[PDB]
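Each remark here refers to the structure printed beneath this line.
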2 protein chains.
Amino acid sequence: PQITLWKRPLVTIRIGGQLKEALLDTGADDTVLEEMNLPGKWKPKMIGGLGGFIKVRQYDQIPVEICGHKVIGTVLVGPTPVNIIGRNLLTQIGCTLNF
Amino acid sequence: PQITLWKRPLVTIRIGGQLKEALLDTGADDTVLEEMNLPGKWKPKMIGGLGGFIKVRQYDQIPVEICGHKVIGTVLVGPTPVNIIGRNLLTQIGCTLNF
Ligand SMILES: COC(=O)N[C@H](C(=O)N[C@@H](Cc1ccccc1)[C@@H](O)CN(Cc1ccc(-c2ccccn2)cc1)NC(=O)[C@@H](NC(=O)OC)C(C)(C)C)C(C)(C)C
């Protein structure tokens, strides 16, 4: 859909049959989700915004469902205040910014 | 434009004769610029990124130009790595997320 920015662009995502609320974020290189167990090998990583960096676990080739759109790619898991769909996944659903 | 997210959505902003590079950021409630002097009164705010909070100075009714779109609103100044155009000014240019 075409979506407004008068409110935060929160959408429902599906991961491992977990239902979660996540932010569509054009200012995020990566996708970062709050703490959750995902199966498989992961590598340690740090990511940062304002305020400093956080340590996360990097899971590759994770399926996610974003508003009826089934993508698979890299998911970071760690102490993020909120679930964040960054450009790696936004790209996979043909999401653009428009004005 | 219809901006793909295959790269970071970096654009030119003009603020008081200063040209700057800034990131179109749907994950940001607020617009946050790196350290600069701005005219007028200001209030301290605290804003929260991924790593925690920073203190900024809030300037109200600051004219800003985004891709030659003339906009006026709240601009926060402080220790950000990158000039961030948040939703307060993205809504002013009629910006939507499309997928
Ligand atoms: C290359 O680095 C990045 O891309 N960093 C990303 C990042 O932090 N992006 C920032 C912008 C940014 C880019 C590059 C360097 C530094 C910062 C934002 O897109 C997402 N970010 C991360 C973030 C987003 C939301 C929230 C949040 C908190 C409480 C409730 C809802 N959301 C917290 C952190 N948002 C905020 O930090 C904003 N915060 C905000 O809008 O808070 C209400 C600010 C900006 C206004 C402070 C991620 C770690 C998410 C991948």
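Please note that chains go A, B, ... in the order of the structure tokens, that every chain numbers its residues from 1, and that ligands are numbered from 1 in the order shown.
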
Neighbours of ligand 1 within 9 Å, counting only C-alpha atoms and all ligand atoms, as a ChimeraX atom specification?
/A:8,23,25-32,46-54,80-87 /B:8,23-32,46-54,76,80-87

Can you list, as an MDAnalysis selection string, every residue of stretch 1-97 of chain B that DSSP puts in helix (DSSP H, G or I)?
chainID B and resid 87:90

For C-alpha atoms, I'd like the residues from the last selection saved as a PDB file, in the first residue's frame.
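Saved the output as out17.pdb:
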```pdb
ATOM      1  CA  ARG B  87       8.658  12.233   9.979  1.00  0.00           C
ATOM      2  CA  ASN B  88       7.829  15.753  11.157  1.00  0.00           C
ATOM      3  CA  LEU B  89       9.400  17.110   7.912  1.00  0.00           C
ATOM      4  CA  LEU B  90       8.717  14.038   5.718  1.00  0.00           C
TER       5      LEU B  90
END
```

Once DSSP has gone over the backbone, tell me which residues of chain A are in strand (DSSP E), as an mmCIF file with N, CA, C and O atoms, in the first residue's frame.
```cif
data_model
loop_
_atom_site.group_PDB
_atom_site.id
_atom_site.type_symbol
_atom_site.label_atom_id
_atom_site.label_comp_id
_atom_site.auth_asym_id
_atom_site.auth_seq_id
_atom_site.Cartn_x
_atom_site.Cartn_y
_atom_site.Cartn_z
ATOM 1 N N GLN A 2 0.159 2.415 -0.214
ATOM 2 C CA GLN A 2 0.758 3.728 0.027
ATOM 3 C C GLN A 2 0.513 4.094 1.484
ATOM 4 O O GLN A 2 -0.631 4.074 1.933
ATOM 5 N N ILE A 3 1.571 4.397 2.234
ATOM 6 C CA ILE A 3 1.402 4.662 3.664
ATOM 7 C C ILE A 3 1.951 6.013 4.148
ATOM 8 O O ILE A 3 3.024 6.451 3.737
ATOM 9 N N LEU A 10 4.338 1.607 11.591
ATOM 10 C CA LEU A 10 4.351 0.301 12.214
ATOM 11 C C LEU A 10 3.457 -0.665 11.449
ATOM 12 O O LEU A 10 2.316 -0.352 11.110
ATOM 13 N N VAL A 11 3.989 -1.855 11.197
ATOM 14 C CA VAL A 11 3.238 -2.915 10.545
ATOM 15 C C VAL A 11 3.399 -4.229 11.310
ATOM 16 O O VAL A 11 4.264 -4.369 12.173
ATOM 17 N N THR A 12 2.512 -5.172 11.025
ATOM 18 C CA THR A 12 2.597 -6.494 11.623
ATOM 19 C C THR A 12 3.491 -7.361 10.730
ATOM 20 O O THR A 12 3.356 -7.358 9.504
ATOM 21 N N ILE A 13 4.468 -8.025 11.349
ATOM 22 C CA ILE A 13 5.317 -8.979 10.641
ATOM 23 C C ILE A 13 5.170 -10.382 11.237
ATOM 24 O O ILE A 13 4.794 -10.542 12.402
ATOM 25 N N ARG A 14 5.470 -11.396 10.433
ATOM 26 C CA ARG A 14 5.367 -12.782 10.897
ATOM 27 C C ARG A 14 6.725 -13.461 10.806
ATOM 28 O O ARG A 14 7.329 -13.523 9.742
ATOM 29 N N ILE A 15 7.221 -13.945 11.935
ATOM 30 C CA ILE A 15 8.500 -14.635 11.941
ATOM 31 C C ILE A 15 8.464 -15.868 12.856
ATOM 32 O O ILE A 15 8.283 -15.750 14.066
ATOM 33 N N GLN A 18 5.657 -16.189 14.983
ATOM 34 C CA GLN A 18 5.512 -15.105 15.952
ATOM 35 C C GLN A 18 4.906 -13.906 15.236
ATOM 36 O O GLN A 18 5.350 -13.533 14.149
ATOM 37 N N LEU A 19 3.897 -13.304 15.852
ATOM 38 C CA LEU A 19 3.335 -12.051 15.368
ATOM 39 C C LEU A 19 4.020 -10.916 16.117
ATOM 40 O O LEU A 19 4.054 -10.909 17.355
ATOM 41 N N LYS A 20 4.596 -9.977 15.372
ATOM 42 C CA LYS A 20 5.301 -8.855 15.985
ATOM 43 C C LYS A 20 4.992 -7.555 15.255
ATOM 44 O O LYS A 20 4.708 -7.549 14.058
ATOM 45 N N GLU A 21 5.033 -6.460 16.002
ATOM 46 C CA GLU A 21 4.909 -5.127 15.431
ATOM 47 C C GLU A 21 6.310 -4.604 15.109
ATOM 48 O O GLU A 21 7.194 -4.614 15.966
ATOM 49 N N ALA A 22 6.503 -4.126 13.884
ATOM 50 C CA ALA A 22 7.798 -3.576 13.489
ATOM 51 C C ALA A 22 7.722 -2.283 12.666
ATOM 52 O O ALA A 22 6.715 -1.989 12.014
ATOM 53 N N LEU A 23 8.799 -1.510 12.728
ATOM 54 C CA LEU A 23 8.853 -0.166 12.140
ATOM 55 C C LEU A 23 9.460 -0.237 10.733
ATOM 56 O O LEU A 23 10.525 -0.821 10.551
ATOM 57 N N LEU A 24 8.771 0.275 9.716
ATOM 58 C CA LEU A 24 9.411 0.369 8.394
ATOM 59 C C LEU A 24 10.396 1.554 8.358
ATOM 60 O O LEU A 24 9.985 2.722 8.462
ATOM 61 N N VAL A 32 16.527 -5.269 12.557
ATOM 62 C CA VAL A 32 16.847 -5.567 13.941
ATOM 63 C C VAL A 32 15.555 -5.800 14.716
ATOM 64 O O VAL A 32 14.670 -4.950 14.762
ATOM 65 N N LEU A 33 15.488 -6.965 15.339
ATOM 66 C CA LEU A 33 14.337 -7.366 16.116
ATOM 67 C C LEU A 33 14.735 -7.559 17.569
ATOM 68 O O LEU A 33 15.882 -7.892 17.895
ATOM 69 N N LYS A 43 26.212 -15.061 13.936
ATOM 70 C CA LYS A 43 27.485 -14.430 14.259
ATOM 71 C C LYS A 43 27.247 -13.180 15.114
ATOM 72 O O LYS A 43 26.251 -12.476 14.924
ATOM 73 N N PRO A 44 28.161 -12.899 16.056
ATOM 74 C CA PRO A 44 28.068 -11.637 16.794
ATOM 75 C C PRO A 44 28.277 -10.416 15.895
ATOM 76 O O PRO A 44 29.064 -10.453 14.960
ATOM 77 N N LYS A 45 27.528 -9.351 16.144
ATOM 78 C CA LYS A 45 27.715 -8.119 15.398
ATOM 79 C C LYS A 45 27.359 -6.959 16.294
ATOM 80 O O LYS A 45 26.628 -7.130 17.269
ATOM 81 N N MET A 46 27.904 -5.793 15.973
ATOM 82 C CA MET A 46 27.483 -4.551 16.604
ATOM 83 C C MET A 46 26.782 -3.700 15.555
ATOM 84 O O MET A 46 27.198 -3.663 14.395
ATOM 85 N N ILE A 47 25.701 -3.036 15.952
ATOM 86 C CA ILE A 47 25.132 -2.005 15.113
ATOM 87 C C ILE A 47 24.857 -0.721 15.896
ATOM 88 O O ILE A 47 24.566 -0.749 17.088
ATOM 89 N N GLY A 48 24.878 0.411 15.212
ATOM 90 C CA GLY A 48 24.662 1.663 15.922
ATOM 91 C C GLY A 48 23.750 2.672 15.283
ATOM 92 O O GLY A 48 23.585 2.698 14.076
ATOM 93 N N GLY A 49 23.162 3.498 16.139
ATOM 94 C CA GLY A 49 22.446 4.692 15.742
ATOM 95 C C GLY A 49 22.908 5.809 16.648
ATOM 96 O O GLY A 49 24.087 5.852 16.990
ATOM 97 N N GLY A 52 24.783 5.343 20.771
ATOM 98 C CA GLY A 52 25.757 4.253 20.859
ATOM 99 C C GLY A 52 25.362 3.009 20.080
ATOM 100 O O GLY A 52 24.367 3.010 19.338
ATOM 101 N N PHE A 53 26.172 1.963 20.226
ATOM 102 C CA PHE A 53 25.981 0.699 19.503
ATOM 103 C C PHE A 53 25.427 -0.353 20.442
ATOM 104 O O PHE A 53 25.540 -0.234 21.665
ATOM 105 N N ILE A 54 24.820 -1.382 19.855
ATOM 106 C CA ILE A 54 24.418 -2.564 20.616
ATOM 107 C C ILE A 54 24.956 -3.821 19.960
ATOM 108 O O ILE A 54 25.162 -3.853 18.755
ATOM 109 N N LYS A 55 25.178 -4.844 20.777
ATOM 110 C CA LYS A 55 25.619 -6.154 20.310
ATOM 111 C C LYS A 55 24.386 -6.988 19.975
ATOM 112 O O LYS A 55 23.406 -7.028 20.727
ATOM 113 N N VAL A 56 24.429 -7.610 18.806
ATOM 114 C CA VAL A 56 23.312 -8.388 18.301
ATOM 115 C C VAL A 56 23.808 -9.734 17.792
ATOM 116 O O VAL A 56 25.013 -9.948 17.656
ATOM 117 N N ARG A 57 22.869 -10.634 17.516
ATOM 118 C CA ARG A 57 23.160 -11.899 16.858
ATOM 119 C C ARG A 57 22.656 -11.768 15.430
ATOM 120 O O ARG A 57 21.543 -11.305 15.206
ATOM 121 N N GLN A 58 23.488 -12.172 14.476
ATOM 122 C CA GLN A 58 23.149 -12.115 13.058
ATOM 123 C C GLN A 58 22.739 -13.479 12.519
ATOM 124 O O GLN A 58 23.553 -14.384 12.411
ATOM 125 N N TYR A 59 21.471 -13.601 12.152
ATOM 126 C CA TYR A 59 20.930 -14.803 11.544
ATOM 127 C C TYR A 59 20.742 -14.514 10.067
ATOM 128 O O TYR A 59 20.234 -13.452 9.703
ATOM 129 N N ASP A 60 21.205 -15.426 9.218
ATOM 130 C CA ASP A 60 21.049 -15.268 7.777
ATOM 131 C C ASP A 60 19.907 -16.134 7.269
ATOM 132 O O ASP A 60 19.535 -17.117 7.902
ATOM 133 N N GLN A 61 19.353 -15.742 6.127
ATOM 134 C CA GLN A 61 18.336 -16.520 5.417
ATOM 135 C C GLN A 61 17.159 -16.901 6.335
ATOM 136 O O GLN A 61 16.727 -18.048 6.411
ATOM 137 N N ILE A 62 16.645 -15.891 7.021
ATOM 138 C CA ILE A 62 15.466 -16.019 7.853
ATOM 139 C C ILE A 62 14.252 -15.552 7.051
ATOM 140 O O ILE A 62 14.245 -14.446 6.521
ATOM 141 N N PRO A 63 13.247 -16.425 6.890
ATOM 142 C CA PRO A 63 11.982 -15.936 6.360
ATOM 143 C C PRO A 63 11.245 -14.998 7.309
ATOM 144 O O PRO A 63 11.223 -15.214 8.518
ATOM 145 N N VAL A 64 10.647 -13.963 6.729
ATOM 146 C CA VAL A 64 9.785 -13.007 7.424
ATOM 147 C C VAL A 64 8.605 -12.670 6.508
ATOM 148 O O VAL A 64 8.771 -12.568 5.289
ATOM 149 N N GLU A 65 7.424 -12.492 7.095
ATOM 150 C CA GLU A 65 6.249 -12.027 6.358
ATOM 151 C C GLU A 65 5.910 -10.602 6.768
ATOM 152 O O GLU A 65 5.584 -10.350 7.929
ATOM 153 N N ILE A 66 6.010 -9.678 5.815
ATOM 154 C CA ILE A 66 5.711 -8.256 6.030
ATOM 155 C C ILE A 66 4.495 -7.834 5.193
ATOM 156 O O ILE A 66 4.587 -7.643 3.976
ATOM 157 N N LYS A 70 6.308 -12.228 1.509
ATOM 158 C CA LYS A 70 7.182 -13.250 2.073
ATOM 159 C C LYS A 70 8.614 -13.038 1.574
ATOM 160 O O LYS A 70 8.923 -13.314 0.423
ATOM 161 N N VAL A 71 9.480 -12.520 2.442
ATOM 162 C CA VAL A 71 10.881 -12.281 2.094
ATOM 163 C C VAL A 71 11.765 -13.198 2.925
ATOM 164 O O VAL A 71 11.327 -13.703 3.958
ATOM 165 N N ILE A 72 12.999 -13.418 2.485
ATOM 166 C CA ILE A 72 13.981 -14.057 3.351
ATOM 167 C C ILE A 72 15.305 -13.303 3.256
ATOM 168 O O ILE A 72 15.732 -12.927 2.168
ATOM 169 N N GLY A 73 15.918 -13.041 4.408
ATOM 170 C CA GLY A 73 17.220 -12.382 4.456
ATOM 171 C C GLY A 73 17.765 -12.268 5.866
ATOM 172 O O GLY A 73 17.346 -13.005 6.769
ATOM 173 N N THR A 74 18.681 -11.322 6.061
ATOM 174 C CA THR A 74 19.441 -11.230 7.298
ATOM 175 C C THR A 74 18.660 -10.528 8.410
ATOM 176 O O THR A 74 18.151 -9.420 8.233
ATOM 177 N N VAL A 75 18.571 -11.177 9.563
ATOM 178 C CA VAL A 75 17.878 -10.588 10.717
ATOM 179 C C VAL A 75 18.880 -10.471 11.861
ATOM 180 O O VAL A 75 19.612 -11.410 12.148
ATOM 181 N N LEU A 76 18.953 -9.283 12.464
ATOM 182 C CA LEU A 76 19.737 -9.066 13.666
ATOM 183 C C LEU A 76 18.790 -9.123 14.871
ATOM 184 O O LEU A 76 17.626 -8.704 14.801
ATOM 185 N N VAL A 77 19.275 -9.715 15.955
ATOM 186 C CA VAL A 77 18.480 -9.909 17.160
ATOM 187 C C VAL A 77 19.279 -9.381 18.357
ATOM 188 O O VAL A 77 20.433 -9.759 18.574
ATOM 189 N N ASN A 83 11.239 -3.275 17.182
ATOM 190 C CA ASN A 83 11.511 -4.057 15.979
ATOM 191 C C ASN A 83 11.612 -3.149 14.752
ATOM 192 O O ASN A 83 10.827 -2.223 14.593
ATOM 193 N N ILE A 84 12.593 -3.411 13.897
ATOM 194 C CA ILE A 84 12.935 -2.481 12.826
ATOM 195 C C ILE A 84 13.191 -3.258 11.544
ATOM 196 O O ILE A 84 14.090 -4.106 11.508
ATOM 197 N N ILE A 85 12.373 -2.999 10.525
ATOM 198 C CA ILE A 85 12.653 -3.490 9.173
ATOM 199 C C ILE A 85 13.464 -2.463 8.390
ATOM 200 O O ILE A 85 12.953 -1.436 7.983
ATOM 201 N N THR A 96 9.364 1.662 -1.802
ATOM 202 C CA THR A 96 10.004 2.934 -2.129
ATOM 203 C C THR A 96 9.492 4.053 -1.227
ATOM 204 O O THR A 96 8.397 3.958 -0.659
ATOM 205 N N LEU A 97 10.298 5.107 -1.114
ATOM 206 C CA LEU A 97 9.863 6.392 -0.577
ATOM 207 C C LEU A 97 9.372 7.252 -1.721
ATOM 208 O O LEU A 97 10.061 7.357 -2.731
ATOM 209 N N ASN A 98 8.223 7.901 -1.557
ATOM 210 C CA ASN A 98 7.624 8.671 -2.647
ATOM 211 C C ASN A 98 7.112 10.030 -2.208
ATOM 212 O O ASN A 98 6.402 10.119 -1.214
#
```

If chain B is superposed onto chain A by least squares using every Cα atom in order, what is the RMSD, in Å to one decimal?
0.4 Å

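Taking atom CA of residue A:41 as the reference point, atom CA of residue B:5 is found at 27.7 Å.
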
Find the distance between atom CA of residue A:68 and atom CA of residue A:92 and write it in Å to one decimal.
12.6 Å

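Coordinates place atom CA of residue A:91 at a distance of 6.0 Å from atom CA of residue B:6.
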